[PDB]
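This report refers to the structure that appears directly beneath it.
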Amino acid sequence: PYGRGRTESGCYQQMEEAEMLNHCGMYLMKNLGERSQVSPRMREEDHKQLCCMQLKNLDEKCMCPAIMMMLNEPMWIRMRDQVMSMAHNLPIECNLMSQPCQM
């Protein structure tokens with residue numbers, strides 16, 4: 001499902017500047033803390049192309065090691081515990097972190 005590859009600050013720093021896994025996070029963070037209570041039909045955006053977008057703006061080497069740091073930003077701590085697995089196949093189905101970093 002993942003790999004092992006540590007390194008100093010890099011892609012992460014380029015991530016905040018190009019918050020790639022920030023919008024795809026809201027979709028996963030929309031049930032992590034949102035008044036499910038809904039009078040009308042429903043309501044909920046979908047940014048799966050805005051993440052798969054900037055994710056490309058990043059390097060193919062930032063599509064695995066960076067993600068880790070993505071869930072370390074000032075918006076991914078405990079609520080990310082869910083966006084962790086959710087954003088584990090989202091970036092893979094895009095070929096971002098499919099299986100780049102291995103053992």
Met69 passes all but one of the listed conditions (1) under 15 Å from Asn95 (Cα atoms); (2) out of contact with any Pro (no Cβ under 8 Å at 6 or more places or on another chain); (3) of a type outside the set (S, T, N, Q); the exception is number (1)
Original post:
Is it true that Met103 is on the phi < 0 side of the Ramachandran plot, surrounded by fewer than 18 Cβ atoms within 10 Å (Cβ to Cβ), under 14 Å from the mean Cα position of the chain (by Cα) and touching a residue at least 40 places away in the same chain (Cβ under 8 Å)?
Top reply: no
Taking the range 69-85 and keeping only residues that are part of a helix (DSSP H, G or I) and either in contact with a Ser or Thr (Cβ under 6 Å, 6 or more places away or on another chain) or surrounded by fewer than 18 Cβ atoms within 10 Å (Cβ to Cβ) (or both), one is left with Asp81, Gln82, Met84, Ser85
Residues in the range 86-100 that are buried (at least 16 other Cβ atoms within 10 Å of the Cβ), touching a residue at least 60 places away in the same chain (Cβ under 8 Å), in a loop (DSSP other than H, G, I, E, B) and not aliphatic (A, V, I, L, M) total 1
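Positions of Cβ are backbone-derived with ideal geometry, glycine not excepted, and every protein chain shown enters the neighbour counts. Coordinate-derived values only; no laboratory data.
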